[PDB]
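Comments concern the structure below.
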Protein chains: 2
Amino acid sequence: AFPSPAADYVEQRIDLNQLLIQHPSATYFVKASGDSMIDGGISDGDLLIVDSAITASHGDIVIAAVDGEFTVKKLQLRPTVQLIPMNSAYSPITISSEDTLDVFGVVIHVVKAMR
Amino acid sequence: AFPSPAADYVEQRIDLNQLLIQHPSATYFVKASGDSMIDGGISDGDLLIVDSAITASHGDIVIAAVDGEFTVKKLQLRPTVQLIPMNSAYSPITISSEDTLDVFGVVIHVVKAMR
């Protein structure tokens, strides 16, 4: 009951799921509290945002998965099976004999909390 | 009955709202497609995440609001009303005569899309 209501602004909305991502349910994330995958952006003080759904490509910062493993790192598996940690222990090393080495998502958005 | 710190590297549930934030509905965000508030993190290619709910403090990267304005930069209003753009056109200049200059949120998490 107003003398002349022009707009009803009492409750807005926020689509966080679509804000940082944009899928119904195909994205993965992990709290960064250490220093084993800083290559992705987790440097003991941030929030990693990976998208588990599409298949990235060798030579890209993606999360690899094997036997239930997960590590962000640009690795090549087509020419040969080799991974290269970037957080700090840079060292190109082979994993297995072409058993099961494939990325789970296709990206890793680093959320740097800046206040 | 297992008092453990955390030990968890999986989450079938996608709580994005709680993932990057942690409130029922008190956070604001804006797409970065230009170069007027890079100080916050918007550099024509990213996603800004501010929390509109608490009152930040002068000398902090927060979003200021006046008469319906929105700017990100460390400004001081207690000693004197002074604003300072940091994106690139730095220019320490006063705003008004202590009319209405106050921050809307209390933080600005920069989400750098790294793929």
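Residue names in the structure tokens use chain letters A, B, ... in the order shown, residue numbers from 1 in each chain, and ligand numbers from 1 in the order shown.
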
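Across all paired C-alpha atoms, the best overlay of chain B on chain A gives 5.9 Å RMSD.
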
Item to complete: When you get a sec, could you note down which chain B residues fall within 9 Å of chain A, using only C-alpha atoms, as a PyMOL selection string?
Response: chain B and resi 9-21+25-31+40-41+47+49-50+56+60-62+106-115

Where in chain A does DSSP assign strand (DSSP E or B), given as a short mmCIF file (atom, residue, chain, number, x, y, z; two decimals) with C-alpha atoms, in the first residue's frame?
```cif
data_model
loop_
_atom_site.label_atom_id
_atom_site.label_comp_id
_atom_site.auth_asym_id
_atom_site.auth_seq_id
_atom_site.Cartn_x
_atom_site.Cartn_y
_atom_site.Cartn_z
CA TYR A 28 35.03 -29.88 -8.94
CA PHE A 29 36.84 -27.69 -6.38
CA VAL A 30 39.36 -28.13 -3.54
CA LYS A 31 40.59 -25.96 -0.65
CA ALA A 32 44.26 -24.96 -1.05
CA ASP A 46 42.97 -19.74 -1.76
CA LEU A 47 40.18 -21.79 -3.40
CA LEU A 48 40.79 -23.94 -6.51
CA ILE A 49 37.92 -24.36 -9.00
CA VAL A 50 38.30 -27.20 -11.54
CA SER A 52 35.23 -32.13 -13.97
CA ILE A 54 35.24 -32.27 -20.35
CA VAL A 62 44.47 -29.71 -15.85
CA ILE A 63 43.84 -32.28 -13.09
CA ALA A 64 45.11 -35.80 -13.90
CA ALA A 65 43.33 -38.90 -12.57
CA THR A 71 46.83 -33.54 -9.30
CA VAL A 72 46.81 -30.31 -11.34
CA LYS A 73 49.77 -30.28 -13.76
CA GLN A 76 51.61 -35.22 -21.91
CA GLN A 82 55.01 -38.25 -18.29
CA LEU A 83 53.93 -35.78 -15.59
CA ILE A 93 58.96 -38.08 -14.68
CA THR A 94 57.05 -41.00 -16.26
CA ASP A 102 43.69 -39.12 -18.11
CA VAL A 103 42.51 -35.69 -16.92
CA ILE A 108 41.32 -24.77 -12.81
CA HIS A 109 40.03 -21.27 -11.94
CA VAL A 110 42.12 -19.90 -9.05
CA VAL A 111 40.10 -17.78 -6.61
CA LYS A 112 42.58 -15.46 -4.84
#
```

Practice prompt. Rank B:89, B:101, B:1, B:53 by their smallest atom-to-atom distance to residue 75 of chain B, using only C-alpha atoms, and report the top residue only.
Written response: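 Between B:89, B:101, B:1, B:53, the residue approaching residue 75 of chain B most closely is B:101.
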
Practice prompt. Between A:66, A:7, A:95, A:42, single out the one closest to residue 80 of chain A, counting only C-alpha atoms.
Written response: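 Ranked by minimum distance to residue 80 of chain A, first place goes to A:95.
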
Worksheet item: Rounded to one decimal in Å, what is the spacing between atom CA of residue 55 of chain B and atom CA of residue 92 of chain B?
Response: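 So the answer is 22.2 Å.
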
Item to complete: Provide the atom CA of residue 58 of chain A to atom CA of residue 81 of chain A distance in Å, to one decimal place.
Response: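 Atom CA of residue 58 of chain A sits 10.5 Å away from atom CA of residue 81 of chain A.
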
Item to complete: Enumerate, as a PyMOL selection string, the complete set of residues in chain A that a backbone-based DSSP assignment places in alpha helix (DSSP H).
Response: chain A and resi 16-20

Worksheet item: If you measure from atom CA of residue 91 of chain A to atom CA of residue 8 of chain B, what distance in Å do you get, rounded to one decimal?
Response: 26.9 Å

Worksheet entry | 8 Å contact set for residue 35 of chain B, only C-alpha atoms, chain neighbours under 5 positions out, as JSON, numbers by chain | {"B": [42, 43, 44, 87, 88]}

Go ahead and dump the residues you just picked, C-alpha atoms, as a short mmCIF file (atom, residue, chain, number, x, y, z; two decimals), in the first residue's frame.
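Wrote result-v7.cif, looks like this:
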```
data_model
loop_
_atom_site.label_atom_id
_atom_site.label_comp_id
_atom_site.auth_asym_id
_atom_site.auth_seq_id
_atom_site.Cartn_x
_atom_site.Cartn_y
_atom_site.Cartn_z
CA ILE B 42 38.68 -7.18 -12.93
CA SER B 43 41.18 -7.03 -15.82
CA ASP B 44 39.05 -7.67 -18.95
CA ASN B 87 43.13 0.08 -11.97
CA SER B 88 45.57 2.30 -13.91
#
```
